[PDB]
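Participant: the amino acid sequence is not available; the structure is as follows:
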């Protein structure tokens, strides 16, 4: 007769749902759809900085491949 | 006191290869396989001379060879490489683990279009021997002349003259 208990979790589940999606979506929105690149070590940060430099528009997520080179 | 000599801006005017880190990571193994000579020569110059103001020409030549590699991959396997590097770029950590099918397409394309094979595990991390023609830096650290060693102690030992020679103690 505990189904009356179930709404309490339900809305609460929604509560615990809200951050986990939002951050992910934010990480996709602010970084051009792709996952936020994580720099756990200096090499990754150097790669990110070189990406920011090459992009020309000063955003690391903007990526250039074969079209950029001759 | 001295001169901080710096090569003028003309020498370091390389063509500046422009591909993102994900694109570089996608072609990592094949580039390392088919571009090892310029990288190895440039790094041996860097480690031996210990002066980036000296091995700039090797830095030019490595970029030239990298641009040649990327031009070849553009000319022969543009589509699989594009899809592979995009799928690498999606990942936050840029892991090869999730992207294996696109890796297979890229590998077979370059194998049957440019005669390439990916290095096996650990092949790209073996110490290589380069046949560079530059001389060996005699003084890489620019060390000055070392002080002369202290006069060496040698010779037979005889009993101390007149014993201890400490006050009235004769012996």
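Facilitator: Sure thing, it's come through. Numbering: from 1, shown residues only, chains lettered A, B, ... in the order given.

Participant: distance of the residue nearest in space to the middle of chain B relative to chain A?
Facilitator: With distances taken as C-alpha atoms, centre = their mean, chain B has residue B:43 as the residue nearest its mean C-alpha position (3.2 Å). According to C-beta to the nearest C-beta, to the nearest Å, residue B:43 stands 16 Å off from chain A. No exception for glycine: its C-beta is placed from N, CA and C like everyone else's.

Participant: any idea which element residue 14 lies in?
Facilitator: No chain in the question, so chain A it is. Here residue A:14 sits within helix A:6-29, counting by DSSP states H and E.

Participant: my bad, chain B
Facilitator: Secondary structure from DSSP H and E places residue B:14 outside every helix and strand.

Participant: leaving out sequence neighbours, find the closest residue to it.
Facilitator: residue B:63 (4.8 Å; C-beta to C-beta, 6 or more residues apart in numbering or on different chains).

Participant: what does chain B have sitting close to chain A?
Facilitator: Within chain B, the positions near chain A by C-beta under 8 Å from any C-beta of the partner chain are B:15, B:17-23, B:67, B:70-71, B:73-74, B:78, B:81-82, B:85, B:89-94.

Participant: please redo it, this time with the cut-off set to 6 Å
Facilitator: For chain B, the residues in contact with chain A (C-beta under 6 Å from any C-beta of the partner chain) are B:18, B:19, B:20, B:21, B:23, B:70, B:74, B:85, B:89, B:90, B:91, B:92.

Participant: need the contact list for the spatially most central residue of chain A.
Facilitator: In chain A, the centroid-proximal residue (C-alpha atoms, centre = their mean) is residue A:27; its distance is 2.4 Å. Residues near residue A:27 by C-beta atoms under 6 Å, 6 or more residues apart in numbering or on different chains: residue A:36.

Participant: next SSE downstream of the helix holding residue A:14?
Facilitator: Past helix A:6-29, the next helix or strand by DSSP H and E is helix A:42-55.

Participant: moving C-terminal of the helix or strand where the residue nearest to residue B:14 lies, what's the next helix or strand?
Facilitator: Assigned by DSSP H and E, residue B:63 belongs to helix B:56-76. Per DSSP H and E, helix B:56-76 leads on to helix B:78-90 as the next helix or strand towards the C-terminus.

Participant: what angle do the next helix or strand after that next one and helix B:56-76 make?
Facilitator: Downstream of helix B:78-90, the first helix or strand assigned by DSSP H and E is helix B:101-111. Counting by axes from the mean of the first three to the mean of the last three C-alpha atoms, to 10 degrees, helix B:101-111 lies at 100 degrees to helix B:56-76.

Participant: and stretch B:125-144, end to end?
Facilitator: One end of stretch B:125-144 sits 36 Å from the other (C-alpha to C-alpha, to the nearest Å).

Participant: list of residues touching that stretch?
Facilitator: Contacts to stretch B:125-144, defined as C-beta under 6 Å, 6+ apart, come from residues B:40, B:41, B:44, B:48, B:49, B:50.

Participant: what about the last one, how many neighbours?
Facilitator: When you say that, I think you mean residue B:50. Residue neighbour count, defined by other C-beta atoms under 10 Å in any protein chain shown, stands at 13 for residue B:50.

Participant: and if you look at the second one?
Facilitator: Using other C-beta under 10 Å as the criterion, residue B:41 is surrounded by 20 other residues.

Participant: ok but it is inside a helix, no?
Facilitator: Yes. Per DSSP: H, G, I helix; E, B strand; the rest coil, residue B:41 lies within a helix segment.

Participant: measure it to chain A for me?
Facilitator: To chain A, residue B:41 is 22 Å away according to C-beta to the nearest C-beta.
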